[PDB]
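Engineer: Dropping in my_file-v2.txt, with compact mmCIF, C-alpha atoms and all ligand atoms.
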```txt
# COMPACT_ATOMS: atom_id res chain seq x y z
CA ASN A 5 -14.76 12.48 13.69
CA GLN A 6 -11.74 10.37 12.67
CA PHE A 7 -8.52 11.89 11.27
CA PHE A 8 -6.49 9.32 9.38
CA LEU A 9 -3.94 10.18 6.69
CA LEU A 10 -2.27 7.85 4.18
CA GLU A 11 1.46 7.36 4.61
CA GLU A 12 4.09 7.95 1.91
CA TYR A 13 2.33 10.61 -0.14
CA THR A 14 4.42 11.10 -3.28
CA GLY A 15 2.86 14.30 -4.67
CA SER A 16 3.76 17.98 -4.34
CA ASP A 17 0.69 19.61 -2.76
CA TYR A 18 -0.65 19.55 0.82
CA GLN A 19 -2.62 16.57 2.11
CA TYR A 20 -6.20 17.12 3.25
CA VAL A 21 -6.66 15.56 6.68
CA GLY A 22 -10.24 16.70 7.44
CA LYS A 23 -12.14 19.59 9.01
CA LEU A 24 -13.14 20.42 12.57
CA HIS A 25 -16.77 21.56 12.22
CA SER A 26 -18.20 22.52 15.63
CA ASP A 27 -21.92 22.23 16.42
CA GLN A 28 -21.41 25.55 18.21
CA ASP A 29 -20.40 27.16 14.89
CA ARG A 30 -22.90 29.88 13.98
CA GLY A 31 -22.45 29.86 10.20
CA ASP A 32 -20.83 33.20 9.43
CA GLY A 33 -17.35 34.43 10.37
CA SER A 34 -18.28 34.32 14.06
CA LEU A 35 -15.56 31.83 14.99
CA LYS A 36 -12.00 30.87 14.08
CA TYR A 37 -10.25 27.57 14.76
CA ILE A 38 -6.94 27.24 16.60
CA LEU A 39 -4.10 24.69 16.36
CA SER A 40 -3.27 22.27 19.22
CA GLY A 41 -0.17 20.04 19.36
CA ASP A 42 3.31 19.02 18.20
CA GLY A 43 3.85 19.83 14.52
CA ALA A 44 0.57 21.76 14.54
CA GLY A 45 1.74 24.92 12.72
CA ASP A 46 4.36 23.56 10.30
CA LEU A 47 3.70 19.81 9.83
CA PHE A 48 -0.08 20.07 10.20
CA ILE A 49 -1.63 23.39 9.15
CA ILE A 50 -5.11 24.72 9.96
CA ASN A 51 -7.56 26.89 8.02
CA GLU A 52 -8.51 29.43 10.69
CA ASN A 53 -11.96 30.19 9.24
CA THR A 54 -13.25 26.68 8.52
CA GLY A 55 -11.24 24.20 10.61
CA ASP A 56 -9.74 22.45 7.57
CA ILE A 57 -6.46 20.78 8.50
CA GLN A 58 -3.77 19.80 6.00
CA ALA A 59 -0.40 18.04 6.24
CA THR A 60 2.74 19.51 4.65
CA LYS A 61 5.20 16.59 4.51
CA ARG A 62 5.33 13.03 3.19
CA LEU A 63 4.82 10.85 6.29
CA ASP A 64 6.25 7.43 7.17
CA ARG A 65 3.92 5.55 9.53
CA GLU A 66 6.77 3.29 10.74
CA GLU A 67 8.60 6.37 11.95
CA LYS A 68 5.60 7.84 13.81
CA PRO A 69 2.14 6.17 13.67
CA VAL A 70 -0.01 8.61 15.69
CA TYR A 71 -0.35 12.37 16.25
CA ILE A 72 -1.87 14.35 19.11
CA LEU A 73 -4.40 17.03 18.15
CA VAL A 78 -12.80 31.40 19.77
CA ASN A 79 -14.37 34.48 18.12
CA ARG A 80 -12.58 36.53 15.46
CA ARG A 81 -13.77 39.71 17.21
CA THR A 82 -13.50 38.85 20.93
CA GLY A 83 -11.44 35.65 21.14
CA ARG A 84 -13.76 34.27 23.83
CA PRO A 85 -13.19 30.48 23.87
CA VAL A 86 -16.42 28.60 23.16
CA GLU A 87 -14.61 25.25 22.79
CA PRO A 88 -12.59 23.19 25.33
CA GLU A 89 -8.89 22.33 24.91
CA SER A 90 -9.04 20.10 21.83
CA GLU A 91 -7.51 16.65 21.27
CA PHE A 92 -8.18 14.37 18.28
CA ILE A 93 -6.61 11.34 16.64
CA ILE A 94 -4.40 11.91 13.60
CA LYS A 95 -3.30 8.32 13.02
CA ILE A 96 -1.18 7.90 9.90
CA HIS A 97 -2.76 5.08 7.90
CA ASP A 98 -0.81 2.08 6.59
CA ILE A 99 0.39 0.84 3.22
CA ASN A 100 2.48 -2.26 2.56
CA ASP A 101 6.00 -0.87 2.14
CA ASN A 102 8.23 -2.88 4.47
CA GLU A 103 9.80 -6.21 3.59
CA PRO A 104 9.44 -9.13 5.97
CA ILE A 105 12.74 -9.46 7.83
CA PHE A 106 13.97 -12.70 9.40
CA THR A 107 15.13 -12.54 13.03
CA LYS A 108 18.45 -14.11 12.01
CA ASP A 109 20.47 -13.98 8.78
CA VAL A 110 21.91 -17.46 9.27
CA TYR A 111 20.15 -20.11 11.34
CA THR A 112 22.43 -23.00 12.36
CA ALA A 113 20.70 -26.31 13.11
CA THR A 114 21.13 -30.09 13.39
CA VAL A 115 18.76 -33.07 13.05
CA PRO A 116 19.32 -36.77 13.94
CA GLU A 117 20.38 -39.06 11.05
CA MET A 118 17.76 -41.82 11.46
CA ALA A 119 14.88 -39.33 11.49
CA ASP A 120 11.20 -39.91 10.76
CA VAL A 121 9.43 -37.50 8.38
CA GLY A 122 8.12 -34.36 10.09
CA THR A 123 11.05 -34.31 12.53
CA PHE A 124 11.60 -30.75 13.82
CA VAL A 125 14.88 -29.16 12.68
CA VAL A 126 14.55 -25.45 13.53
CA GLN A 127 11.85 -22.75 13.56
CA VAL A 128 12.41 -19.52 11.60
CA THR A 129 10.65 -16.17 12.06
CA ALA A 130 10.18 -12.98 10.06
CA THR A 131 8.93 -9.72 11.60
CA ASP A 132 7.07 -7.18 9.45
CA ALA A 133 7.34 -3.44 10.23
CA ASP A 134 3.88 -2.77 8.68
CA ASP A 135 0.42 -2.82 10.30
CA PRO A 136 -0.53 -6.39 11.29
CA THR A 137 -4.04 -5.19 12.15
CA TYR A 138 -5.02 -3.65 8.79
CA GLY A 139 -4.98 -5.65 5.56
CA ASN A 140 -2.49 -8.37 4.68
CA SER A 141 0.51 -6.01 4.60
CA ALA A 142 2.12 -7.89 7.52
CA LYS A 143 0.60 -11.36 7.16
CA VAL A 144 3.79 -13.27 6.38
CA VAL A 145 3.94 -16.68 4.65
CA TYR A 146 7.04 -18.95 4.66
CA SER A 147 8.12 -21.01 1.67
CA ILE A 148 11.21 -23.09 0.89
CA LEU A 149 13.45 -21.97 -2.00
CA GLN A 150 16.53 -24.18 -1.61
CA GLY A 151 16.81 -27.54 0.16
CA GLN A 152 13.23 -28.10 -0.97
CA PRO A 153 12.86 -31.86 -1.49
CA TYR A 154 14.78 -32.76 1.68
CA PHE A 155 13.00 -30.42 4.09
CA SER A 156 9.64 -28.68 4.33
CA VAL A 157 8.56 -25.48 6.04
CA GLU A 158 5.12 -24.58 7.41
CA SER A 159 3.63 -21.71 5.40
CA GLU A 160 2.15 -20.02 8.47
CA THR A 161 4.40 -21.05 11.38
CA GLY A 162 7.84 -21.19 9.70
CA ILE A 163 8.65 -24.57 11.26
CA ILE A 164 11.18 -26.60 9.23
CA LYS A 165 10.65 -30.37 9.29
CA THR A 166 12.54 -33.23 7.63
CA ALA A 167 10.66 -34.33 4.52
CA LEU A 168 12.69 -37.42 3.65
CA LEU A 169 12.99 -40.94 5.06
CA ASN A 170 16.26 -42.34 3.69
CA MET A 171 18.74 -39.75 5.01
CA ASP A 172 22.28 -40.72 6.02
CA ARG A 173 25.60 -38.89 5.64
CA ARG A 176 25.80 -35.80 2.16
CA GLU A 177 26.19 -34.63 5.76
CA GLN A 178 25.36 -30.97 5.19
CA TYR A 179 22.43 -29.02 3.71
CA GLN A 180 21.82 -25.36 2.92
CA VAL A 181 18.15 -24.43 3.16
CA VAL A 182 16.78 -21.15 1.82
CA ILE A 183 13.49 -19.94 3.33
CA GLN A 184 11.44 -17.13 1.83
CA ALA A 185 9.02 -15.06 3.86
CA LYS A 186 6.44 -13.07 1.88
CA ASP A 187 3.73 -10.42 2.52
CA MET A 188 0.05 -10.37 1.61
CA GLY A 189 -0.55 -13.93 2.72
CA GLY A 190 2.06 -14.87 0.11
CA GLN A 191 -0.08 -13.60 -2.81
CA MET A 192 1.79 -12.24 -5.86
CA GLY A 193 2.91 -8.65 -5.47
CA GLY A 194 3.89 -9.02 -1.83
CA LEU A 195 7.31 -8.02 -0.50
CA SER A 196 9.73 -10.78 0.55
CA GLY A 197 12.84 -11.62 2.57
CA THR A 198 15.08 -14.70 2.71
CA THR A 199 17.34 -16.50 5.19
CA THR A 200 19.77 -19.40 4.83
CA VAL A 201 19.76 -22.43 7.14
CA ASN A 202 22.79 -24.68 7.63
CA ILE A 203 21.71 -28.15 8.72
CA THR A 204 24.16 -30.89 9.71
CA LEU A 205 22.94 -34.45 10.23
CA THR A 206 23.91 -35.59 13.74
CA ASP A 207 25.51 -39.06 13.90
CA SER B 1 -24.55 20.74 8.12
CA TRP B 2 -22.97 17.51 6.87
CA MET B 3 -19.90 16.54 8.88
CA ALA B 4 -17.18 16.27 6.25
CA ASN B 5 -15.89 12.78 7.07
CA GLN B 6 -13.87 10.79 4.50
CA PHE B 7 -14.90 7.54 2.78
CA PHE B 8 -12.53 4.75 1.71
CA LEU B 9 -11.71 1.02 1.64
CA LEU B 10 -8.84 -1.25 0.51
CA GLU B 11 -9.20 -3.10 -2.78
CA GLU B 12 -8.98 -6.91 -3.04
CA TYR B 13 -10.10 -7.66 0.55
CA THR B 14 -9.82 -11.41 1.23
CA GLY B 15 -12.02 -11.61 4.35
CA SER B 16 -15.58 -12.92 4.75
CA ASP B 17 -16.39 -9.71 6.69
CA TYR B 18 -17.92 -6.55 5.23
CA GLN B 19 -15.58 -3.53 5.10
CA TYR B 20 -16.25 -0.35 7.03
CA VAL B 21 -16.37 2.66 4.72
CA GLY B 22 -17.26 5.64 6.91
CA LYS B 23 -19.98 7.44 8.85
CA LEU B 24 -22.35 9.94 7.28
CA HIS B 25 -23.50 12.40 9.95
CA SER B 26 -24.88 15.88 10.53
CA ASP B 27 -24.99 18.67 13.14
CA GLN B 28 -28.74 18.31 13.67
CA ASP B 29 -28.27 14.71 14.82
CA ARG B 30 -28.72 14.35 18.59
CA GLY B 31 -27.77 10.70 19.21
CA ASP B 32 -31.51 10.41 19.35
CA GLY B 33 -33.00 8.13 16.68
CA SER B 34 -34.78 11.19 15.24
CA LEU B 35 -32.70 11.06 12.06
CA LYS B 36 -32.95 8.70 9.11
CA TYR B 37 -29.95 8.47 6.80
CA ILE B 38 -30.56 7.44 3.19
CA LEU B 39 -27.99 6.23 0.66
CA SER B 40 -28.43 6.31 -3.11
CA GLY B 41 -26.18 6.26 -6.21
CA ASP B 42 -24.04 3.76 -8.16
CA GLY B 43 -23.80 0.72 -5.86
CA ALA B 44 -26.10 1.78 -3.01
CA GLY B 45 -28.31 -1.01 -1.70
CA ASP B 46 -26.17 -3.96 -2.76
CA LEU B 47 -22.53 -2.89 -3.16
CA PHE B 48 -22.77 -0.32 -0.37
CA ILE B 49 -24.96 -0.80 2.69
CA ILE B 50 -26.01 1.89 5.20
CA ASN B 51 -27.18 1.75 8.81
CA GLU B 52 -30.13 4.16 8.78
CA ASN B 53 -29.75 4.87 12.53
CA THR B 54 -26.05 5.68 12.90
CA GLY B 55 -25.09 6.47 9.29
CA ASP B 56 -22.44 3.74 9.09
CA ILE B 57 -21.64 2.63 5.52
CA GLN B 58 -20.37 -0.89 4.82
CA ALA B 59 -19.12 -2.60 1.63
CA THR B 60 -20.21 -6.14 0.64
CA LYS B 61 -18.02 -7.12 -2.32
CA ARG B 62 -14.27 -7.37 -2.86
CA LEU B 63 -13.33 -4.32 -4.97
CA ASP B 64 -10.68 -3.53 -7.58
CA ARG B 65 -9.26 0.00 -7.86
CA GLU B 66 -7.81 -0.65 -11.33
CA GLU B 67 -11.31 -1.52 -12.57
CA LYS B 68 -12.98 1.40 -10.73
CA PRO B 69 -11.01 3.78 -8.43
CA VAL B 70 -13.73 6.07 -7.00
CA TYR B 71 -17.50 5.83 -6.45
CA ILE B 72 -19.88 8.78 -6.42
CA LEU B 73 -22.77 8.25 -4.00
CA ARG B 74 -25.59 10.44 -2.72
CA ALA B 75 -26.22 11.21 0.93
CA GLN B 76 -29.57 12.17 2.45
CA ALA B 77 -30.63 12.92 6.03
CA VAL B 78 -34.34 13.12 6.82
CA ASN B 79 -36.44 13.43 9.96
CA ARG B 80 -38.13 10.10 10.81
CA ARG B 81 -41.23 11.62 12.38
CA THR B 82 -41.84 14.48 9.90
CA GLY B 83 -40.35 12.95 6.73
CA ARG B 84 -38.50 16.19 5.90
CA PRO B 85 -34.78 16.72 5.15
CA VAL B 86 -32.53 18.08 7.88
CA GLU B 87 -29.71 18.20 5.31
CA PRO B 88 -29.58 18.87 1.55
CA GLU B 89 -29.00 15.70 -0.47
CA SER B 90 -25.35 15.72 -1.48
CA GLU B 91 -22.95 13.79 -3.67
CA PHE B 92 -19.91 12.37 -1.91
CA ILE B 93 -16.96 10.27 -3.01
CA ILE B 94 -15.81 6.83 -1.84
CA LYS B 95 -12.11 6.34 -2.58
CA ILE B 96 -10.68 2.90 -3.27
CA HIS B 97 -7.28 2.46 -1.64
CA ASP B 98 -4.56 0.76 -3.71
CA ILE B 99 -2.62 -2.48 -3.32
CA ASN B 100 0.39 -3.38 -5.49
CA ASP B 101 -1.28 -5.93 -7.74
CA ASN B 102 -0.26 -4.81 -11.26
CA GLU B 103 2.95 -5.60 -13.13
CA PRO B 104 4.85 -2.93 -15.05
CA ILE B 105 4.01 -3.37 -18.73
CA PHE B 106 6.30 -2.18 -21.52
CA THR B 107 4.86 -0.05 -24.34
CA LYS B 108 6.05 -2.53 -26.97
CA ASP B 109 6.84 -6.23 -26.52
CA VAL B 110 9.75 -6.12 -28.95
CA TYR B 111 11.70 -2.87 -29.30
CA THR B 112 13.53 -3.05 -32.67
CA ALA B 113 16.27 -0.39 -32.71
CA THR B 114 19.63 0.55 -34.27
CA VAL B 115 22.94 2.29 -33.44
CA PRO B 116 26.18 2.93 -35.47
CA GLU B 117 28.99 0.37 -35.11
CA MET B 118 31.91 2.62 -34.11
CA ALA B 119 29.87 4.58 -31.54
CA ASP B 120 31.48 6.01 -28.40
CA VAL B 121 30.72 4.65 -24.94
CA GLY B 122 27.35 5.87 -23.61
CA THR B 123 25.92 6.58 -27.07
CA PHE B 124 22.12 6.65 -26.76
CA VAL B 125 20.43 3.69 -28.46
CA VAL B 126 16.75 3.74 -27.40
CA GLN B 127 14.47 4.62 -24.47
CA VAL B 128 12.19 1.81 -23.33
CA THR B 129 9.11 2.55 -21.22
CA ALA B 130 6.97 0.56 -18.80
CA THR B 131 3.76 1.74 -17.15
CA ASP B 132 2.16 0.40 -13.94
CA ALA B 133 -1.64 0.38 -13.42
CA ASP B 134 -1.30 0.80 -9.64
CA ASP B 135 -1.47 4.12 -7.76
CA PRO B 136 1.52 6.54 -8.09
CA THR B 137 0.10 8.80 -5.35
CA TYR B 138 1.30 6.63 -2.46
CA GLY B 139 4.56 4.65 -2.07
CA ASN B 140 6.40 2.83 -4.90
CA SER B 141 3.66 0.40 -6.05
CA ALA B 142 3.62 2.27 -9.38
CA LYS B 143 7.15 3.72 -9.60
CA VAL B 144 9.16 1.45 -11.91
CA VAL B 145 12.89 0.77 -11.89
CA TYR B 146 14.71 -0.42 -15.02
CA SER B 147 17.47 -3.04 -14.98
CA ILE B 148 19.30 -5.14 -17.57
CA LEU B 149 18.84 -8.92 -17.57
CA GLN B 150 20.72 -9.79 -20.78
CA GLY B 151 23.08 -7.79 -22.98
CA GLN B 152 25.75 -7.31 -20.33
CA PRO B 153 29.17 -5.78 -21.08
CA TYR B 154 27.68 -4.80 -24.45
CA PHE B 155 24.87 -2.47 -23.27
CA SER B 156 23.50 -0.44 -20.34
CA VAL B 157 20.15 0.80 -19.02
CA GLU B 158 19.30 3.93 -17.04
CA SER B 159 17.58 3.06 -13.75
CA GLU B 160 14.75 5.57 -13.78
CA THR B 161 14.38 6.58 -17.44
CA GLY B 162 14.88 3.29 -19.30
CA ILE B 163 17.41 4.74 -21.73
CA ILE B 164 19.63 2.08 -23.31
CA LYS B 165 23.24 3.01 -24.10
CA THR B 166 26.32 1.34 -25.55
CA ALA B 167 28.60 0.09 -22.77
CA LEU B 168 31.58 -1.02 -24.88
CA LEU B 169 34.64 0.75 -26.31
CA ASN B 170 35.36 -1.76 -29.08
CA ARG B 176 28.00 -10.20 -34.81
CA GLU B 177 25.34 -7.84 -36.18
CA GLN B 178 22.29 -8.58 -33.99
CA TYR B 179 22.05 -8.26 -30.19
CA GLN B 180 19.18 -9.50 -28.02
CA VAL B 181 18.82 -7.27 -24.94
CA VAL B 182 16.16 -7.85 -22.31
CA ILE B 183 15.22 -4.96 -20.03
CA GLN B 184 13.32 -5.55 -16.79
CA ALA B 185 10.94 -3.10 -15.17
CA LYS B 186 10.11 -3.55 -11.50
CA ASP B 187 7.98 -1.57 -9.05
CA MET B 188 8.89 -1.28 -5.37
CA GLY B 189 12.49 -0.32 -6.25
CA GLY B 190 15.28 -1.15 -3.78
CA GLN B 191 12.92 -3.71 -2.24
CA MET B 192 12.85 -7.48 -2.80
CA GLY B 193 9.43 -8.71 -4.01
CA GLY B 194 6.87 -6.57 -5.84
CA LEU B 195 6.07 -7.11 -9.52
CA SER B 196 8.10 -7.05 -12.73
CA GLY B 197 7.90 -7.14 -16.52
CA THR B 198 10.44 -7.66 -19.29
CA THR B 199 10.95 -6.73 -22.96
CA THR B 200 13.26 -7.86 -25.76
CA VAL B 201 15.27 -5.13 -27.47
CA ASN B 202 17.03 -6.02 -30.73
CA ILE B 203 20.18 -4.06 -31.55
CA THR B 204 21.57 -4.15 -35.08
CA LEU B 205 24.86 -2.36 -35.77
CA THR B 206 25.08 -0.22 -38.91
CA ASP B 207 27.72 -1.13 -41.51
CA CA A 301 6.34 3.64 5.58
CA CA A 302 5.10 -5.75 4.66
CA CA A 303 3.82 0.83 6.21
CA CA A 304 -6.65 -4.27 -8.43
CA CA A 305 -3.71 -1.81 -7.28
CA CA A 306 2.64 -2.34 -9.43
```
What does the file become when written as structure tokens?
Structural biologist:
Amino acid sequence: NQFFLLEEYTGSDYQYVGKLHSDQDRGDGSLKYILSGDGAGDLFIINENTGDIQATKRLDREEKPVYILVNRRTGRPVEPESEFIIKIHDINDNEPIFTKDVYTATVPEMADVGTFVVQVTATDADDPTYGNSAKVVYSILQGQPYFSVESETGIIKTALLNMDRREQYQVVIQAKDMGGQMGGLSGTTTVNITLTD
Amino acid sequence: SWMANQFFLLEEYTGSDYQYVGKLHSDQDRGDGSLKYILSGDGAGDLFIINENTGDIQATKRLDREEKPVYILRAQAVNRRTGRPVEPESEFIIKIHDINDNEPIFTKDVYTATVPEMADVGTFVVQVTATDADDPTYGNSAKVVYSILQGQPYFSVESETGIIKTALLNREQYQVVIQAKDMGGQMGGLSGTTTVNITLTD
């Protein structure tokens, strides 16, 4: 089977992970299931009779993504040393974060349109491999008209022909989750551009 | 016996691929081809597609939890050769996982309210309320945070309850706009506003 479990559970009762149902299981009370791992007794808790496993705390995926997982009368082991995947599933709950709070850049005065100024980057602590939670899109908030930024790549280019020293510009770039669709989390950075003479 | 796997998918999937939902499976299966899995119920056959050989369920459409949060389907497992069940036909649930795609909406659009003129600081005026269609079970996509956008020095709002209070110690009408926003303490998310009129008694 597969044992996922949604992160950041906000409620007050235990979280059902799933049950270990052996093909060796007879049907009656012939067997009992045993815990195997770190947290397996307080964090994860097992129903001895059935193999039902439940979690006991609210879990943050970003803090730990993955977890490592006999007869009632005799105790004779009919199963091998167990190990399953308890991978905490992902929700979008981390803001995109730029790699630098202030990017300092310069661009030649007599510059053609599309002239590279500086490239900005935002990491995203969420799962880039499930949903759009970490698909970040870059947009310009201040400095607009004079400069452009590539939605996907975060490359800032000059977007104006007639540009001579106003020597200085302050550009604000937004990064946003969910391929930029409304509802996504966002971060900003400021870019100080001086025109080189 | 049916293996008690879970069945889910994210809402509002923006990819031309079909989403994997889960695997129906039983003890009696032998990785053999001897079993035929059958899927019936609301959606089966067009909304939800099953591999009869492995028991893999896929979803075809982009779904919306706020429209419909859980689906009840029926699972069967029959012998190919004999045509007989190896498992009893059972209902099972497909859960639709949430994305933050609903704004907090205030109960009223205009909250007309009143409070005495000579009132002390922190005198309760009115409690505004916003609700959020998203899922309160996981994260903050549906936990709203109240904040004041207009009505400064004059008035205050309680962050988690939406109670408006007098913020002064010393005009008759006051236009106060309260904002509600999910994903508190985080930039982004979704927000809603409301106008609250305050007239002082004289
Ligand atoms: Ca988290
Ligand atoms: Ca994110
Ligand atoms: Ca996360
Ligand atoms: Ca929705
Ligand atoms: Ca939603
Ligand atoms: Ca929401």
Engineer: For a test of reading the model, state the distance in Å between atom CA of residue 170 of chain A and atom CA of residue 112 of chain A, rounded to one decimal.
Structural biologist: 22.1 Å
Engineer: Considering all atoms listed in the file, can you say which of A:38, A:192, A:126, A:169 comes closest to chain B?
Structural biologist: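 Among the listed residues, A:192 lies closest to chain B.
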Engineer: Report as an mmCIF file with C-alpha atoms, in the frame of the given file all protein, DNA and RNA residues lying within 7 Å of segment 91-104 of chain B, evaluated on all atoms listed in the file, omitting residues in the same chain fewer than 3 positions from it.
Structural biologist:
```cif
data_model
loop_
_atom_site.group_PDB
_atom_site.id
_atom_site.type_symbol
_atom_site.label_atom_id
_atom_site.label_comp_id
_atom_site.auth_asym_id
_atom_site.auth_seq_id
_atom_site.Cartn_x
_atom_site.Cartn_y
_atom_site.Cartn_z
ATOM 1 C CA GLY A 193 2.910 -8.650 -5.470
ATOM 2 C CA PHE B 7 -14.900 7.540 2.780
ATOM 3 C CA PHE B 8 -12.530 4.750 1.710
ATOM 4 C CA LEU B 9 -11.710 1.020 1.640
ATOM 5 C CA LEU B 10 -8.840 -1.250 0.510
ATOM 6 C CA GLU B 11 -9.200 -3.100 -2.780
ATOM 7 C CA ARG B 65 -9.260 0.000 -7.860
ATOM 8 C CA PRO B 69 -11.010 3.780 -8.430
ATOM 9 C CA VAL B 70 -13.730 6.070 -7.000
ATOM 10 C CA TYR B 71 -17.500 5.830 -6.450
ATOM 11 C CA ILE B 72 -19.880 8.780 -6.420
ATOM 12 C CA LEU B 73 -22.770 8.250 -4.000
ATOM 13 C CA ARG B 74 -25.590 10.440 -2.720
ATOM 14 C CA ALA B 75 -26.220 11.210 0.930
ATOM 15 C CA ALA B 130 6.970 0.560 -18.800
ATOM 16 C CA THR B 131 3.760 1.740 -17.150
ATOM 17 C CA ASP B 132 2.160 0.400 -13.940
ATOM 18 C CA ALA B 133 -1.640 0.380 -13.420
ATOM 19 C CA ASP B 134 -1.300 0.800 -9.640
ATOM 20 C CA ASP B 135 -1.470 4.120 -7.760
ATOM 21 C CA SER B 141 3.660 0.400 -6.050
ATOM 22 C CA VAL B 144 9.160 1.450 -11.910
ATOM 23 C CA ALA B 185 10.940 -3.100 -15.170
ATOM 24 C CA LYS B 186 10.110 -3.550 -11.500
ATOM 25 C CA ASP B 187 7.980 -1.570 -9.050
ATOM 26 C CA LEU B 195 6.070 -7.110 -9.520
ATOM 27 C CA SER B 196 8.100 -7.050 -12.730
ATOM 28 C CA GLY B 197 7.900 -7.140 -16.520
#
```
Engineer: Of the residues A:99, A:93, A:168, A:119, which is the one nearest to chain B, using all atoms listed in the file?
Structural biologist: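 Looking only at the distances to chain B, the closest residue turns out to be A:99.
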Engineer: What residues in chain A have any atom no more than 10 Å from chain B when counting all atoms listed in the file, and can you write them as a ChimeraX atom specification?
Structural biologist: /A:5-8,10-16,21-29,31,56,62,64,99-104,138-141,186-189,191-198
Engineer: Write out as number ranges by chain which residues come within 8 Å of residue 35 of chain B when counting only C-alpha atoms, dropping same-chain ones fewer than 4 positions away.
Structural biologist: B: 29, 53, 77-80
Engineer: Please produce a file of the residues just selected, as a PDB file, in the frame of the given file, where the atoms kept are C-alpha atoms.
Structural biologist:
```pdb
ATOM      1  CA  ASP B  29     -28.270  14.710  14.820  1.00  0.00           C
ATOM      2  CA  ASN B  53     -29.750   4.870  12.530  1.00  0.00           C
ATOM      3  CA  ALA B  77     -30.630  12.920   6.030  1.00  0.00           C
ATOM      4  CA  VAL B  78     -34.340  13.120   6.820  1.00  0.00           C
ATOM      5  CA  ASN B  79     -36.440  13.430   9.960  1.00  0.00           C
ATOM      6  CA  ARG B  80     -38.130  10.100  10.810  1.00  0.00           C
TER       7      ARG B  80
END
```
Engineer: Using only C-alpha atoms - which residues lie no farther than 9 Å from the point (24.6, 1.2, -35.1) in the file's frame? Write them as a count of residues only.
Structural biologist: 13
Engineer: Let me make sure I understand: among A:87, A:98, A:160, A:46, which one has the smallest atom-to-atom distance to ligand CA 301 (chain A) if we use all atoms listed in the file?
Structural biologist: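 Of all the options, A:98 lies closest to ligand CA 301 (chain A).
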Engineer: Go through A:109, A:51, A:63, A:123 and flag the residue nearest residue 165 of chain A, using all atoms listed in the file for the distances.
Structural biologist: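 Closest candidate: A:123.
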Engineer: Using atom CA of residue 202 of chain A and atom CA of residue 190 of chain B as the two end points, give the distance in Å to one decimal.
Structural biologist: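 So the answer is 27.2 Å.
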Engineer: Could you list, as a ChimeraX atom specification, every residue within 7 Å of residue 124 of chain B, counting all atoms listed in the file and ignoring same-chain residues fewer than 6 positions away?
Structural biologist: /B:164-166
Engineer: Considering all atoms listed in the file, can you say which of A:156, A:180, A:60, A:34 comes closest to residue 122 of chain A?
Structural biologist: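 Under the stated criterion, the closest residue is A:156.
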